[PDB]
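Visitor: Can you look at this? It's an experimental structure, sequence on top.
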Amino acid sequence: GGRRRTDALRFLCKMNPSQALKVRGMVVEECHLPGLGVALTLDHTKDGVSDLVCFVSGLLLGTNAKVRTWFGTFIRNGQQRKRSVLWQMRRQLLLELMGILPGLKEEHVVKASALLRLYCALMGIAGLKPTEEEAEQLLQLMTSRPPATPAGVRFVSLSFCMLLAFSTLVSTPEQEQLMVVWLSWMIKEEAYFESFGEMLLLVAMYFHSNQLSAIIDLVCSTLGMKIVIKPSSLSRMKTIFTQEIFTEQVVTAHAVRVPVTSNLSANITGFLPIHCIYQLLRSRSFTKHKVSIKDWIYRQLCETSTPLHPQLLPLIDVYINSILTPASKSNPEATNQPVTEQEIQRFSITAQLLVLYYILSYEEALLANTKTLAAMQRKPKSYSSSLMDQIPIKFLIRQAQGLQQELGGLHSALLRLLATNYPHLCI
Amino acid sequence: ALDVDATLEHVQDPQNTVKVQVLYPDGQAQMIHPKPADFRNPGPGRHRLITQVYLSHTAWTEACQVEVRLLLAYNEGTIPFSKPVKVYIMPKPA
Amino acid sequence: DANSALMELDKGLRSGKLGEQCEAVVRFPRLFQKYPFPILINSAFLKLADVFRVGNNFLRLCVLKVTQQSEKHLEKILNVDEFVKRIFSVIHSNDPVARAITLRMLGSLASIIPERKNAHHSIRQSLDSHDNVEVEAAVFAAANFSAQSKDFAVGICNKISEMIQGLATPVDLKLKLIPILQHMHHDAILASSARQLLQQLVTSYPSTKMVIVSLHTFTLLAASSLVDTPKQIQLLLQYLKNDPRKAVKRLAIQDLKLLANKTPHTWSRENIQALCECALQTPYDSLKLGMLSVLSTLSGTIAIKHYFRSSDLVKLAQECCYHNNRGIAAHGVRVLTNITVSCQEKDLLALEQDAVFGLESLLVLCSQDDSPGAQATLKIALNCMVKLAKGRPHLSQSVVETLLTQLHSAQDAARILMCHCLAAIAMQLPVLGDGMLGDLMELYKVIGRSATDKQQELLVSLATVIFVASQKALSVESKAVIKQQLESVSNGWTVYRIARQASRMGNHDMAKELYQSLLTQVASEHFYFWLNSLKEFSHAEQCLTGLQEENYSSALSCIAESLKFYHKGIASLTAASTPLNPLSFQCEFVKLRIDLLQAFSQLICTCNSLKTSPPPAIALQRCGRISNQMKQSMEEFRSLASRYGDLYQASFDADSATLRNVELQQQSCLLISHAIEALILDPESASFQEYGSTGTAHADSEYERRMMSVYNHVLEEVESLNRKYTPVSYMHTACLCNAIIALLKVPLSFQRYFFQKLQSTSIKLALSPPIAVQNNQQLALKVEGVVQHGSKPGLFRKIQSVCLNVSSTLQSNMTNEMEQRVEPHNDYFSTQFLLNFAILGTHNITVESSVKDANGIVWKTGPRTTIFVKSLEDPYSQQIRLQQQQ
Amino acid sequence: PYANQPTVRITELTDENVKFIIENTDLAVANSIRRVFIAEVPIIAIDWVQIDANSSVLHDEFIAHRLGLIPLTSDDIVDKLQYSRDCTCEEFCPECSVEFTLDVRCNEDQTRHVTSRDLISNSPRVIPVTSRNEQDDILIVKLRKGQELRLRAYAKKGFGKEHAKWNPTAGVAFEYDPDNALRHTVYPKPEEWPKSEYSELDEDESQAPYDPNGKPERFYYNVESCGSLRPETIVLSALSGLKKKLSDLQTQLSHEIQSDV
Amino acid sequence: XXXXXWXXXXXXXXXXXXXXXXXXXXX
Ligand SMILES: [Zn+2]
């Protein structure tokens, strides 16, 4: 019933090649005979990437879920047959893979990204089990060296999220060591952190916290689709980062080299680097590995937009605790220009209010800590009284009153600090 | 039974024009004609309407609503007359 | 949890420390925003009132700030009496600060306690207190309560009057005390008494601050209470022409500006005459500019028709047209342009050229300076000359010519605005485009790299006016533009915007080249697929330009090549569809274009199948298979018309231009269906008096002009060839099959909704009931939805009613067809449906969300959410039913 | 001084049992969870039988006792139902009870098996478990010719602390420390003791080395349902019920502290 | 001032177009 129809319509489209892929369009529209449409887009390929990759990427990744399920069931049923148009598709896709693999050229990296996300779609929805040659060529394409363009950043992000997504395509120690040497090469690279470094740091935090559930969500968000991963497949992946690749020392040293989220707010949702920095400061990791977080905290506080992110106040609180705990001493914000200049070039009012909140909370922590510190004289390191004269506390809380709804609990906590510490400003 | 109290103001002939509409959550839009006996007239241009309208339907899985509305009828069609008012109704099974 | 967070910030207000207590108080508005539940807002407000009653004055001020910030939530507390009573208990405090804070509470709560008489008495008593903060708070409370209650206003009007003429009251407190009379807009006699008091008050206290405040509150009373306006306008004009202070004149000017913005129709001719006479004999440019701003606001309304030869307004506009001040010149030009385009009398023919040359002089003055204030006057002048060109068509040639002559000798930042003006003019009058192409192309050539920041905007605007001006294609100018971008701009965003404008105006070969130049510049593969699809669409529309005339074989070749490229493009376009911002409109529009082109190709195949495949052996009927072929073609084209209509109804976020484009495509396929019907199927039944009343052809674009010209030509050919031939005719196939060529000769225009998503709105539609319901019971669909306005909520349209249609289809038909038009009140709606399931089994129900706008147009936009309902039977009822049946 | 952070790993989910592991919690919490599994998860069971006719060889108390032990489907209805003592009706009402009717007359020479198919509910969702739409039906009584059983039964809400007919579980398998690292039990001869199902030792080992710093965590469960509730619903309603008991005790303790102070 | 200028009035920047600008601008 199927082969005769496929041969008849392929002969008809051979007789009329002008409307040949219009019949592929009717195949997609009617959701009948998928292999016929595959043969139609294969037989008429005699610039860009190719038409086949666009066609099946649109099938698997389109808005229409019925077409996606129909093509996925087609590929799933075609896998069970003895090694027929599905194998022609796979051979064409493989020879397309070798057409760009060397690192990659700066113009072929987007083509490689599109092919790689096509393989994502195939192995995620279709249940396609790649061959040994397919897996070897795919992994060779994983470990390429892009020219560190934003296209290259997208390329390495997709490759890394596929290593997380499909850990069943290595199965060999040689591809394992190739993977980890590529990972170390990507880690020691500096221009990638301008992003990909946020993803690397966040998945390192998630394996250290043994989450392995929003790892799936991050992979699904980066690939842009839902895949069943079976996190027991990621069990060997966790031990590679946890014990060998992303140790606590190197993730702590990476935590300061990641750029801050520019103009972060409650509008910028999702799991941000500020959350990972807050989790590390909760565990006192920076003092445990002698890494300076003062510069990163100041740079993150200096760039904030008019809605208040809910993580900023706990981050400031745990940073102050990290300064004043007897475990060690994180360096406070310096008394000069990073505070005086910050409260004079055109810094945001939320930045000024956050710095004022940090200063007043540091004052209360100092006054509630020296009763039981008994550690060192340089451990408190109190701010100068001449500095506080340059801080318009009443003025800043006056602006904070007018933007109460744009701040989460910052105006409230600043009011509490003012009422406890400066009752002469609360008349 | 549902009791209503309508404050009709400046109605020329409320005896034969003012009608009560009950609208169930389904398509039922039963239209009730009040009798002239309970169109009280406490003043010039002021009228009071006190009817005990009657509501019934089979079982509901949840207390939905009912829509009670006064209507004005003319010699061929009817137009909305009062503010739409929602009343909660819960027909429990026997 | 809501109550858990309420207890979490409730435990802080017995802390004893004032800091944690004010913490607890000021956390309340965030709780109100998170949990807007009346039974919980009630308890929160009652304990806020309790801590107000027992707390110190700073806590009371914190409660006041919370109450001010939560004014929309305090209408839903419903335990008003005890809450207001426990706040009001500390009006009797001997502390004047506490009394002041309570008066500010009462004024803050005046929306929910009008006609509350003890509050009125407390405000009246506190207005006579000896403490300044208490009197100021009483003034604030009186201003709030007078706005919300007319019984408070009628006595407080007399009280405020008697304590204004009371000289024990100081001047500054008088100044604070005048604007209470603004809220006298309740009764006509109340407003009249307030106006009499204000008239005595202005002459009684002729201080500059007193006259400013009294005139402003008199005009706010006159604007709010509408039966005061002509006498207020004449009072303002009298004080503008007689009072010598500049501040009083400035308030009179800005106040007449407010009254002209609000109610321009109530201005008499005498008021405009008096304002013009004020503008003639003033010596100050700062006052004349404001007076001309008021007159230019009045000029754009119907007050000119009430005003109307050469009058004082015309002479004033001519005088201020030639003024050394640029703002005065801009206002005079605006008045002249509004007078010119307002009517068509014989007197304005002289001042038409005056307006043109004043526009040209303002262009030559405002272009070479690059001042921030010069760009505003330049925008005013260019908008005025756009209005002059559109309102009156014949003189547009001189406007275009002076823009072209000014373009070569102006600074760069001025050139973007003149390019915008020239593009706005050229889309309405197409005959002016081709004559200005050479000068604009030379201007494009002489750019090179002679800018660094405005170069990108100037490049995209000047390429835009090239594309609008050139109705035909480009041969060497395209290569010169390509070389200019390649040498100058490596920024691919400028290339993308220029290609976007090219595909907007139908220059598709240029767009194809620019999209080929852009495929290596993107980072995400999604934008790569999007750009590749755009490249293929532009290539296919370029391939459609090979239709010369009457050649149906070359027509088939060009349509086949265009179809090949165009659904290669849709193959690469659906790969760019994302879960977040999918390419839904683009995919539907491209699919409809594919279907239209395929139907065109099938119809040309039927043209050829007239002469080929001769008629059957039969002694309408006796025509062969071609009768059924045109029947199927008519059905396909009518289905295409319905699908273009449902795309129109499903868009709802497009411009007027994109909606007009979709309507044009729908009219195209409707025209083809009617051309089939009226001269193949049934010429006798069809061809009624379908004479389109082609009067004011207000076609906004050149593409629209071409489409309606093609429609008129094809309809005239169909009417002229209605019954002149037998239904199996060579002229019928020829005229229809050349109508195909005439329709496809004009290139397709991709509009803004294809490229930019503005007014992103949707329905969440979170319904609440495979669910199972008993056979005897009726299911209740408590369906609710929230709309999601993105950025501008009402940029093009606004939702008036959300029409929900729900129907039930058994055996997962359509028996529970229900409809309810619910109105969302806070961008949220909720209604409840009653669905009956007598037939046992799985019932697939679906719910639609149609949106009716302010104009009454139905837009089918909402999701089609489906849930399955199972009708399981009671075991007792099943046993009873089987016993009764058997 | 604060709460545990317990984790759940579920190793087997079936319509008849749930087999899960709770880690990082205390032994008392785990044992109380098991006790609420057995005793304090409310289900619907028959607790009011009116016998109208009983010609069977089994007397009325016997039939009523057997009817009480028939499990009924209780999912998402036991939460809506009030307790019969707490409801304000005079007799039973739909808001606190489910009415059952049985009327079997044996007129044939063959023995009539009165089963749970003959228990006819007035609620479509509270039905006997064997009547769900494989397994046979719970036999109530066998009837010979001439014998009949007509009765009206009312099924109400209760928990296993009152009567074992409201116990929703069959077997609550509970384990901790399968290798006896804590030496909480002391084998005189550990060699002859069989390994636990959750044991993590080799065949040569008999028990783990003694851990002096260890506490009981990693509690192993196998909650087999009798069919009245889904086993996952049994666990969820047990956690909710223990939470509710603790919250009620918090409320009464707060009132008592407020009244005393 | 054209009422239908696409490049002008770029205050209503979308999501796809903003990302496209960020991707094709700095390149
Ligand atoms: Zn009851």
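Guide: Done, it's in. Numbering: from 1, shown residues only, chains lettered A, B, ... in the order given.
Visitor: Isn't residue C:18 up against residue C:59?
Guide: Yes. Counting by CB atoms under 8 Å, residue C:18 does reach residue C:59; the two are 7.1 Å apart. For the C-beta atoms, the positions are set from N, CA and C on the backbone; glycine is no exception.
Visitor: out of these two, which sits in the busier spot?
Guide: residue C:59 (22 against 18; other CB atoms under 10 Å in any protein chain shown).
Visitor: residue contacts, that one?
Guide: C:18, C:21-22, C:25, C:51-52 (CB atoms under 8 Å, 6 or more residues apart in numbering or on different chains).
Visitor: Look up how far residue B:12 lies from the residue of the stretch 51-200 of chain D found nearest chain B.
Guide: The minimum distance from the stretch 51-200 of chain D to chain B, using CB to the nearest CB, falls at residue D:94 (6.9 Å). Noted for residue D:94: a distance of 51 Å to residue B:12, by CB to CB, to the nearest Å.
Visitor: neighbour count winner among these two?
Guide: residue D:94 (15 against 8).
Visitor: tell me the secondary structure for that one?
Guide: coil (DSSP: H, G, I helix; E, B strand; the rest coil).
Visitor: Give me the nearest residue to it, chain neighbours excluded.
Guide: Nearest residue to residue D:94 in three dimensions, chain neighbours excluded: residue B:93, at 6.9 Å (CB to CB, 6 or more residues apart in numbering or on different chains).
Visitor: interface residues of chain C facing chain D?
Guide: C:772, C:774, C:872-876, C:879 (CB under 8 Å from any CB of the partner chain).
Visitor: Provide the secondary structure category for the residue lying closest to residue C:118 once chain neighbours are set aside.
Guide: Using CB to CB, 6+ apart and skipping residues adjacent in sequence, the residue nearest residue C:118 is residue C:88, 6.6 Å away. Here residue C:88 is helix, with the state taken from three-state DSSP.
Visitor: Contacts only, for residue C:88.
Guide: C:102, C:106, C:118-119, C:122.
Visitor: That one and chain D, how far apart?
Guide: 29 Å (CB to the nearest CB, to the nearest Å).
Visitor: cool, and residue C:652?
Guide: Relative to chain D, and taking CB to the nearest CB, residue C:652 is found at 40 Å.
Visitor: hey, what's the residue nearest to that residue when sequence neighbours are not counted bridged with?
Guide: Closest residue to residue C:652 apart from its sequence neighbours, by CB to CB, 6+ apart: residue C:859 at 4.2 Å. Beta-bridge partners for residue C:859, by DSSP bridges, are residue C:851.
Visitor: doesn't residue C:851 make contact with residue C:859?
Guide: Yes. Residue C:859 lies in contact with residue C:851 (CB under 8 Å); the separation is 4.5 Å.
Visitor: quick one: common contacting residues for these two?
Guide: residue C:652.
Visitor: Counting neighbours, what do you get for the nearest residue to residue C:102 once chain neighbours are set aside?
Guide: Nearest non-adjacent residue to residue C:102, counting by CB to CB, 6+ apart: residue C:91, 4.9 Å away. Look at residue C:91: counted by other CB under 10 Å, it has 20 neighbours.
Visitor: Okay, residue C:91 and residue C:137: tell me how far apart.
Guide: Where residue C:137 is concerned, residue C:91 sits at a distance of 11 Å (CB to CB).
Visitor: mind listing the strands for the stretch 1-150 of chain D?
Guide: Remark: strands assigned in the stretch 1-150 of chain D by DSSP state E, counting those that start in this stretch are D:7-13, D:17-23, D:43-54, D:97-105, D:112-114, D:120-121, D:141-143, D:148-158.
Visitor: what pairs with the longest one, and is each one parallel or antiparallel?
Guide: Using DSSP bridges, the strands paired with strand D:43-54 are strand D:148-158 (antiparallel).
Visitor: Not counting the helix or strand just after the partner strand itself, show me its contacts.
Guide: Following strand D:148-158 in sequence order, the next helix or strand is strand D:169-175 (DSSP states H and E). The contact list for strand D:169-175 (CB under 8 Å, 6+ apart) reads D:30-31, D:34, D:37-38, D:41, D:196-198, D:219-226, D:234.
Visitor: Test my guess that residue D:20 contacts residue D:235.
Guide: Yes. Contact criterion CB under 8 Å: residue D:20 and residue D:235 qualify, at 7.4 Å.
Visitor: so what's residue C:793 up against?
Guide: Residue C:793 neighbours (CB under 8 Å, 6+ apart): C:759, C:761.
Visitor: Now it: phi and psi?
Guide: Main-chain dihedrals, residue C:793, degrees, to the nearest 10: phi -80, psi -40.
Visitor: Please report how far it lies from residue A:119.
Guide: In terms of CB to CB, residue C:793 sits 42 Å off from residue A:119.
Visitor: How about residue C:242?
Guide: Distance from residue C:242 to residue A:119, by CB to CB: 85 Å.
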